[PDB]
Amino acid sequence: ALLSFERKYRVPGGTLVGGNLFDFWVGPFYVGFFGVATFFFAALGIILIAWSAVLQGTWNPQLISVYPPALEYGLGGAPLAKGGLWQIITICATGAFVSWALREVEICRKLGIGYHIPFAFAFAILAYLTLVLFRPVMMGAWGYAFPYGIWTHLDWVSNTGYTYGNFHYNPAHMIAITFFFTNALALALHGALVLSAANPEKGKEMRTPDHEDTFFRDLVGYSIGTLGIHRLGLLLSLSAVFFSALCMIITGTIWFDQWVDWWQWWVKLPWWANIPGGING
Amino acid sequence: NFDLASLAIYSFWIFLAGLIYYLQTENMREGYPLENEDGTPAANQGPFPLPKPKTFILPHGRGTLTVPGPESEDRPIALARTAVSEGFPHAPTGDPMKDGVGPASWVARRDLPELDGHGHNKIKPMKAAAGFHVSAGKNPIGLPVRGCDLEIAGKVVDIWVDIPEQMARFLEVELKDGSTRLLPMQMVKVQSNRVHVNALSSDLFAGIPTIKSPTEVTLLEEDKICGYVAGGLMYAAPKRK
Amino acid sequence: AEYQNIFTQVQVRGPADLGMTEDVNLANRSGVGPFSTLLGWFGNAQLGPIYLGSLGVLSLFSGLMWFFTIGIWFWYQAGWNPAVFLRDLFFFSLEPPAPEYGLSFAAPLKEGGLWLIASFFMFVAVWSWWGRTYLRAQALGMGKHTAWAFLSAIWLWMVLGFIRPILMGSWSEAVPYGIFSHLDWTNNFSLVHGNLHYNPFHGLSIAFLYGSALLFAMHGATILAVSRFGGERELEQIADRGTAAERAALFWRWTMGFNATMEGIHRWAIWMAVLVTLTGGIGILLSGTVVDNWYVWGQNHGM
Ligand code: BCL
Ligand code: BCL
Ligand code: BCL
Ligand code: BCL
Ligand SMILES: CC[C@H]1c2cc3[nH]c4c(c3C)C(=O)[C@H](C(=O)OC)c4c3nc(cc4[nH]c(cc(n2)[C@@H]1C)c(C(C)=O)c4C)[C@@H](C)[C@@H]3CCC(=O)OC/C=C(\C)CCC[C@H](C)CCC[C@H](C)CCCC(C)C
Ligand SMILES: CC[C@H]1c2cc3[nH]c4c(c3C)C(=O)[C@H](C(=O)OC)c4c3nc(cc4[nH]c(cc(n2)[C@@H]1C)c(C(C)=O)c4C)[C@@H](C)[C@@H]3CCC(=O)OC/C=C(\C)CCC[C@H](C)CCC[C@H](C)CCCC(C)C
Ligand SMILES: COC(C)(C)C(=O)C/C=C(\C)CC/C=C(\C)CC/C=C(\C)CCCC/C(C)=C/CC[C@H](C)CC/C=C(\C)CCC=C(C)C
Ligand SMILES: CCCCCCCC/C=C/CCCCCCCC(=O)OC[C@@H](O)COP(=O)(O)O
Ligand SMILES: CCCCCCCC/C=C/CCCCCCCC(=O)OC[C@@H](O)COP(=O)(O)O
Ligand SMILES: CCCCCCCC/C=C\CCCCCCCC(=O)OC[C@H](O)CO
Ligand SMILES: CCCCCCCCCCCC[N+](C)(C)[O-]
Ligand SMILES: CCCCCCCCCCCC[N+](C)(C)[O-]
Ligand SMILES: CCCCCCCCCCCC[N+](C)(C)[O-]
Ligand SMILES: [Fe+3]
């Protein structure tokens, strides 16, 4: 079935591989070669998780947990029950995520639109690869990656963080959080602004974009504009994830101490480290 | 054991289910009910019901929009099925660029210009917009416009500006016959000596749909222009070598 | 070399946009400011005008007094030494009264009394700013969505500084005014309440905070991808659906099997964001008042 305006867009073309061989839809979903690839990777990864759950002895989604190899395996392959399943599932997940992005690329081409969406999704993939591939390789063991379990991967976050004291003091982490908070603030404001113009006070004609600009100028003295706010939302969210990846790729590779030590540079500068009083003298 | 935290979290999840149900139905105010590929209503509409109509009262005497409401493409669609089963492409029966299908598609929007909050045309050629000028970057006016066949299609003679947002939206390009077309600003690369347009070969510039007035552009015309130009990425692509 | 519309190629400038009037009291609106070519590469170049008015002046006065009460306290903690001030800037903290003072306003100035005074000024600054977000929309005939979304943020802040400390019995439970100290407060709060990872409202808050970045990346990228059809002109696209709105919807329908409208994506957006602090505020409010230990609580309720 189609949206009422959809048929005129369902033309042949835009695929990156396979010609017209996979150039069709299943219900609403476009397929394409990378839809087939996504299906294969995701189906196999899910099968292997089920296998791991069988070895674990539980069907409870709150208890299933696929662990990476013990650290002693270094970067080697491990037996299926002792990290190998995690390793193959990680290949399937990477395979499924990259195939998803390339499927989106084909969709962009058939619709004649920019490629901003799969480009943005690539940041999420790179953050995933930072945690399961780039950082584990740089530290020398798959076992530094996070386990695939609903609660166990949170325990991994907490165990990894507290290895470095209060992880709040990681400065790239501060920047990432600031982008995450600012992004949610801008998303609330942007959603509210558009809706407040499309759905004005009762007894009013629909507002215009001039009303949106006027509202934000009155309120804070500046309106970034309709194009600017979508640029901004994309920038904030991508910058958050970039600084997330950065804050982890350095942790345990070029920084090993309690993160609160990083700022101690500012504290113990020779020209004020020994002044009595305050906090740091 | 079922304490206040328990009551709160189960209550929130119930609220969240209702919110998602509400949000999804709100996002069915366009394009629904679903259709079969032959344009008749589809039997399977899914588990969410169609939203109840809402009304927008449009400013500047432009009328009222009610959504959802009876939908029609309001234009002919030069495509035919390639299969009796569902899920396969529909192929252009003519020239997809000229017919406005696939990535060359346009929507039958109002054949009137978008207006600003004061009821004036939102988009104007810079020569009709008192005081507007290029303030930073390469001024493209007077530069030659080059297509993806690396050949020159014309000369930039003006910039069409979104007045309220102070934004270059179109380049007005003079063709070898002395007529002009609008080129969407998002589809050009302004360079030091030229404006390069990867989407169109030079001989396809005159196919850009024309505007019926020299000082304004209607939403209908903007959709036909913007659709045609973007459609070139797919349909002028055998000329991109 | 295909243009991406992330940065503007050719900036254009005309007369300053003075804005809509509607019912705005123009007596309280400043003159227009200068244009920033720097900002013009990314968004609009025009600065100003801004609206003042009674509520804004009160908010600004009160907010600066909050800021100055903290500054004065920092200067005193630094012994008035400017170099000590810059050195320990992130380490100073205006702390609330000690627990022995309960909710009393009798804490001496140097031992919590200045914290109460700063908090008074902050409380007036935020609530008068909230009144301003409502009245600026009213004056333009607009919906009240901004004031309503802002209330969700205010809710988490009210819970942290005011509601939860009152229900806990002392101002000592409140967050201190300091860069690092409020970070230390945050870490301590989780340790004291048995791991906030296991507060389900905290998990929800994370889902919506991550989901806000997911969704704004999706929507920001989508609108840029259809800016070649005027997609960022969302109000007229709502009034009169164009090929930009249609291609945006079909990208997502073909990708994930369902899609939004130009209007309705902004309802997804506003709810994704406000649910961050809505669930967050609930989760903090229940901590210590109802649940002492989230991990233990979760184990006895199935986690
Ligand atoms: C949510 C659980 C915790 C908490 C945990 C964290 C963690 C963890 C982090 C922060 C971070 C920050 N938090 Mg905190 N934070 C809390 C509550 C608050 C409150 C409040 C009213 O309750 C405030 C004002 C702040 C303020 C701040 C900033 C210092 C910084 C970036 C915030 C941001 O992106 O805003 C989005 C809003 C905007 C961009 C608009 C402009 C905001 C301006 C910049 C706020 C200025 C505040 C203050 C007056 C600045 C003084 C600077 C000099 C000392 C003079 N937090 C609660 C108690 N917060 C990050 C950081 O960098 O810490 C050092 C960080 O890593
Ligand atoms: C006790 C724990 C420590 C701590 C330790 C850590 C550690 C350790 C890490 C972080 C990381 C992060 N922390 Mg910290 N952190 C703490 C306290 C905080 C506080 C706070 C208010 O106190 C905040 C706001 C944050 C915020 C953040 C972010 C900056 C970041 C997580 C986002 C991210 O990386 O996304 C990136 C996004 C992704 C990884 C998602 C990828 C998605 C993929 C591509 C697709 C999935 C598809 C899926 C399988 C499909 C399913 C089916 C379909 C749904 C149908 N932390 C405390 C002090 N924090 C993490 C980080 O930076 O990671 C890089 C990290 O590893
Ligand atoms: C990003 C930094 C840290 C991390 C830190 C945290 C913390 C801290 C928390 C979570 C939470 C969650 N995280 Mg985690 N998380 C990481 C990496 C991941 C990855 C991944 C492939 O990289 C995935 C799929 C998840 C998935 C999840 C969900 C179980 C949950 C809600 C997320 C959400 O809504 O996000 C935004 C995305 C959306 C709204 C879109 C929909 C996403 C859905 C919900 C994903 C379902 C995944 C499914 C259960 C697992 C795979 C399914 C396959 C078919 C087998 N995390 C890394 C290691 N994550 C929260 C929670 O409650 O955990 C119990 C929580 O408190
Ligand atoms: C060791 C630390 C603990 C922990 C302790 C806490 C505590 C404690 C809290 C959070 C909270 C949050 N945590 Mg946690 N957190 C941990 C681990 C994580 C991880 C992770 C990767 O593991 C993540 C992603 C998060 C993420 C989150 C957020 C979802 C949430 C804050 C939402 C928000 O917008 O706040 C920022 C928004 C605000 C504070 C609202 C501000 C509104 C006011 C009105 C603004 C006033 C401005 C003022 C006047 C200044 C103006 C300045 C001028 C503009 C210049 N936490 C660990 C387990 N976290 C909060 C929450 O809700 O918990 C349920 C909270 O209180
Ligand atoms: C970079 C900014 C943010 C971002 C952007 C972003 N994400 C995106 C996109 C964009 C622009 C998409 O286009 C794409 C999409 O289609 O969204 C609807 C996507 C998407 N982001 C998703 C999730 C997601 N994004 C997240 C985050 C973010 N996404 C960033 C904050 C998070 C978290 C934790 O914060 C999650 C969970 C999906 C909804 C979707 C990608 C869908 C996809 O890849 O589908 C193909 C794969 C499958 C259907 C299943 C594969 C199964 C595996 C083989 C097995 C399981 C492996 C996994 C590692 C197990 C983890 C267990 C957990 C308990 C830890
Ligand atoms: C999920 C909801 C998200 C959200 C929503 C939200 N916040 C909002 C809104 C909304 C919808 C608003 O409408 C409102 C707003 O106006 O935004 C533009 C606001 C806002 N959210 C803000 C902050 C904020 N929001 C945050 C979070 C979030 N807000 C969430 C992520 C955070 C954090 C910690 O993450 C912060 C820091 C403000 C920008 C604004 C509220 C403004 C306010 O209340 O101001 C009162 C204070 C003053 C007017 C002045 C204070 C004084 C300065 C500190 C002075 C320093 C400079 C210098 C010393 C001046 C000297 C001058 C001399 C000449 C005297
Ligand atoms: C050059 O130096 C001078 C002196 C000029 C300066 O001005 C320098 C200034 C500084 C260096 C400023 C430093 C400021 C900071 C470090 C601010 C840091 C603040 C935070 C990190 C925010 C922490 C969170 C704050 C919270 C959660 C506050 C809650 C407030 C309550 C909701 C309000 C409760 C009200 C109370 C208790 C009073 C009750 C009275 C009523 C009337 C209700
Ligand atoms: C599975 C479906 C049922 C789930 C179980 C029952 C649901 C329980 C609670 C759910 C309610 C959540 C509703 C959230 C949205 C409320 C609707 C709303 O927002 O109304 C105001 C709106 O009109 C006018 O807004 P504007 O047009 O933007 O001014
Ligand atoms: C006990 C715990 C419950 C929470 C305690 C109170 C917290 C305060 C939070 C307020 C609700 C969150 C904001 C609502 C969603 C965003 C606004 C919205 O979408 O609805 C407003 C809409 O109609 C338009 O307003 P009008 O123009 O007046 O119709
Ligand atoms: C003379 C006064 C001095 C000027 C002081 C400058 C302060 C700039 C602060 C915030 C801008 C960022 C705003 C981000 C949120 C915008 C929400 C939105 O949707 O804006 C869309 C656009 O503004 C309409 O369509
Ligand atoms: C967790 C956020 C995701 C919410 C998912 C909402 C799913 C809506 C699916 C509607 C199906 C649309 N369709 C194909 C019937 O038209
Ligand atoms: C304008 C100031 C607002 C004051 C409200 C908060 C009361 C603080 C009380 C401090 C007590 C000082 N003292 C000496 C009486 O103990
Ligand atoms: C408005 C968008 C709706 C998106 C809803 C996302 C649901 C995420 C589920 C996270 C689970 C958290 N927890 C602890 C309760 O399990
Ligand atoms: Fe938008």
Side-chain angles (χ1 to χ4, degrees), chain A residues 42 93 96-97 100 121 123-131 135 146 154 156-164 166-186 189-194 197 209 212-213 215-217 220-230 232-233 240-241 243-249 251, chain B residues 165, chain C residues 30-34 39 43-44 47-50 66-67 70-71 74 89-90 92 122 126 146 153 156-157 160-161 175 177-180 182-183 185-187 189-190 195-197 205-206 209-210 213-214 232 234-235 256 280 284:
Chain A
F97 302 158
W100 196 261
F121 179 43
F123 281 67
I125 296 176
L126 284 170
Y128 167 76
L129 291 175
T130 292
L131 299 186
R135 179 174 182 266
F146 64 91
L154 268 59
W156 175 93
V157 171
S158 185
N159 289 337
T160 304
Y162 282 117
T163 300
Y164 306 90
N166 183 357
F167 214 67
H168 291 156
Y169 287 96
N170 180 336
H173 182 267
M174 298 181 172
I175 294 171
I177 288 182
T178 304
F179 279 117
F180 272 111
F181 288 170
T182 299
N183 178 74
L185 166 50
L189 288 171
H190 174 58
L193 186 58
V194 177
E212 299 178 275
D213 292 322
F215 171 85
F216 241 84
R217 286 172 180 149
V220 305
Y222 178 67
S223 171
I224 199 178
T226 63
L227 178 70
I229 183 57
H230 299 92
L232 180 65
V241 164
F243 283 99
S244 303
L246 178 61
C247 94
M248 290 306 284
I249 198 66
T251 288
Chain B
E165 294 244 320
Chain C
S30 84
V32 85
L39 300 183
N44 289 342
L47 297 164
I50 190 179
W66 169 70
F67 194 79
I70 301 171
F74 284 14
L89 184 56
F90 285 1
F92 302 124
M122 202 197 184
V126 170
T146 298
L156 172 58
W157 160 81
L160 288 164
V175 184
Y177 302 114
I179 304 310
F180 290 168
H182 93 287
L183 300 178
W185 183 93
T186 302
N187 175 46
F189 189 102
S190 181
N195 196 350
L196 268 204
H197 276 170
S205 196
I206 284 171
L209 181 71
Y210 294 173
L214 161 66
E232 74 264 29
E234 294 177 302
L235 289 175
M256 64 182 181
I284 296 311

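Each ligand, and each atom within it, is numbered from 1 in the order the structure gives. Quick note on labels: first sequence line is chain A, next is B, and so on, each numbered from 1. The analysis underlying the following values was restricted to heavy atoms, covering all of them including side chains, and did not include hydrogens, waters or symmetry mates.
Comparing heavy-atom distances from atom 30 (C) of ligand 1 across A:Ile175, C:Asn187, A:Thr178 singles out A:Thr178 as nearest. In this structure, of C:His197, A:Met248, A:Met174, A:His173, the residue bringing a heavy atom nearest to atom 15 (N) of ligand 2 is A:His173. With A:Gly221, A:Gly191, A:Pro209 as candidates, the residue nearest to atom 3 (C) of ligand 10 on a non-hydrogen basis is A:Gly221. Relative to atom 39 (C) of ligand 2, the option among A:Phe123, A:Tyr128, A:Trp156 with the closest non-hydrogen atom is A:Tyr128. Closest heavy-atom approach to atom 9 (C) of ligand 10 within the set C:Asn44, C:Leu39, A:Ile229, A:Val220: this belongs to A:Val220.
Ligand 10 has A:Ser223 within reach: a non-hydrogen atom of the residue lies less than 4.0 Å from it. Contact analysis leaves A:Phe179 out of contact with ligand 1, as no non-hydrogen atom separation drops below 4.0 angstrom.
Nearest to atom 4 (C) of ligand 2 among the protein's heavy atoms is A:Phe167 CB, 3.8 Å. Of all protein heavy atoms, the one lying nearest to atom 26 (C) of ligand 1 is C:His182 NE2, 4.4 Å.
The presence of a protein heavy atom under 4.0 Å from atom 21 (C) of ligand 1 is confirmed. Protein heavy atoms come within 4.0 Å of atom 24 (C) of ligand 10.
Using a 4.0 Å cut-off between heavy atoms, A:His168 contacts ligand 1 through its side chain alone, with no backbone atom that close.
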